[PDB]
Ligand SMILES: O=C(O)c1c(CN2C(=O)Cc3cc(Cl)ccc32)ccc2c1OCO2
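Only one chain is shown below, in structure tokens, and it's the form solved without the named molecule.
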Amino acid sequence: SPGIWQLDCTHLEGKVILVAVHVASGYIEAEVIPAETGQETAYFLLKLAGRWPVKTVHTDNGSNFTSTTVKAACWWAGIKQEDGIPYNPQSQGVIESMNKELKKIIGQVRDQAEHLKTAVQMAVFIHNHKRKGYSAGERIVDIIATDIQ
């Protein structure tokens, strides 16, 4: 499970925020895109997998699961593409809660940034640094280090 990530797409201000959540730690990366297309999702996953050891991705929907561009990116980067069906129903509620939390943080910083993309990265920062007693950034690094060793 050190290699398992979940895709999550949420909306704000008429734009799309694409999130990848590292399931075991809660650590995230995110970007604003105009629209969630296979092309956008493929490029985002390429970025993600060059930065962390992404073994499995639970895709956020069936259009991205089906996407030949998304499949090509996953093949390229050595990612196993899986569906994101919450056979465990606590998974959907946990995502919903992170979307609400992220949008809350975005509102708290929104004033400090001219552009939504900036506020979203501020939100990624605050989320990954938040101590809950460790932070998500601390958990992911410890999970993967344990796994390497």
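In case it trips you up, residue 1 is the first one in the sequence shown, and so on.
Enquirer: Select one of none, 1 to 3, 4 to 9, or 10 or more to describe the deposited residues without coordinates separating residue 132 and residue 133.
Expert: Missing residues, residue 132 to residue 133: 4 to 9.
Enquirer: Name the higher of the two by mean Cα B-factor in the PDB entry, 62-70 versus 46-54.
Expert: If you average the C-alpha B-factors of 62-70 and of 46-54, the larger mean comes out for 62-70.
Enquirer: Looking only at CA atoms, which has the higher mean B factor in the entry: 28-36 or 107-115?
Expert: The entry gives the higher C-alpha B-factor average to 107-115.
Enquirer: Within this chain's modelled residues, let me know which third the CA B factor of residue 12 belongs to: lowest, middle or highest.
Expert: Residue 12: CA B-factor falls in the highest third of its chain.
Omitted here: the form solved in complex with the named molecule. The next part is about that form.
Enquirer: Please tell me whether any heavy atom belonging to residue 101 falls inside 4.5 Å of a heavy atom of the named molecule, as the geometry stands in the deposited bound form.
Expert: Answer yes; at least one heavy atom of residue 101 falls within 4.5 Å of the named molecule in the deposited bound form.
Enquirer: Using 4.5 Å between non-hydrogen atoms, is residue 88 touching the named molecule in the deposited bound form?
Expert: Outside the cut-off, so no.
Enquirer: Does residue 84 reach the named molecule in the deposited bound form if we count a contact as any heavy atom within 4.5 Å?
Expert: Because no heavy atom of residue 84 falls inside 4.5 Å of the named molecule in the deposited bound form, the answer is no.
Enquirer: Heavy atoms within 4.5 Å of the named molecule in the deposited bound form is the criterion; list the residues of 7-34 that meet it.
Expert: Sequence-ordered list: 21, 23, 25, 26, 28.
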